[PDB]
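**Student:** As you go down the protein sequences, you meet chains A and Y in turn.
Under UniProt numbering, the first residue of the first sequence is numbered 111, with each subsequent residue one higher.
Under UniProt numbering, the first residue of the second sequence is numbered 219, with each subsequent residue one higher.
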Amino acid sequence: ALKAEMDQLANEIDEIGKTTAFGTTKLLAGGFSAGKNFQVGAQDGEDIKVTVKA
Amino acid sequence: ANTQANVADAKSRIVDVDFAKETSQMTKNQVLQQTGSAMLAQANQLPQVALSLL
């Protein structure tokens, strides 16, 4: 009984891992493992990198 | 529930209007309308120098 509940909790951890999105792009699956840049200034090269691992 | 709150915040940042900025733009264009009306009404009276020369 204890282990059956452990398995259900691990399944929900996996579901949250694969389901989280910004619209249609996945966030916790490994697509941001090497970060993405957002240009936060007016000139080229003035930008910040956002990194999320799986 | 958590994700719905965060995604609605994200969408609001893109779609909704800023009242503090938009009211300022409205007042600026109001004043410019009154000034341009006055200036056009004064501009339509320029061909009357000829009557003086005539």
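All C-beta atoms in this analysis are idealised placements derived from N, C-alpha and C, irrespective of residue type, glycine included.
Could you tell me the alpha carbon to alpha carbon distance between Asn147(A) and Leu264(Y), rounded to whole angstroms?
**Tutor:** About 58 angstroms.
**Student:** Identify every run of the alpha helix (DSSP H) within the stretch 227-271 of chain Y, keeping only runs that are complete inside it and at least 4 residues long; order them along the chain.
**Tutor:** The qualifying runs are 237-261 and 267-271.
**Student:** In three-state DSSP terms, what is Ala131(A)?
**Tutor:** In the structure shown, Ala131(A) sits in a strand (DSSP, three-state: E or B).
**Student:** Can you grab the Cα-Cα spacing for the pair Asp236(Y) / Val225(Y), in whole Å?
**Tutor:** Cα to Cα, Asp236(Y) sits roughly 19 angstroms from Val225(Y).
**Student:** So, using beta-carbon positions, are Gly145(A) and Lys163(A) closer together than 7 angstroms?
**Tutor:** No, Cβ-Cβ distance for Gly145(A) and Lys163(A) is not below 7 angstroms.
**Student:** Tell me whether the beta-carbon of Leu137(A) lies closer than 7 angstroms to the beta-carbon of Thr129(A).
**Tutor:** Cβ atoms of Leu137(A) and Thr129(A): not closer than 7 angstroms.
**Student:** Quick one: which chain Y residues come within Cβ less than 8 angstroms of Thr134(A)?
**Tutor:** Per Cβ cutoff of 8 angstroms: no residues; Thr134(A) is ~12 angstroms from chain Y at best.
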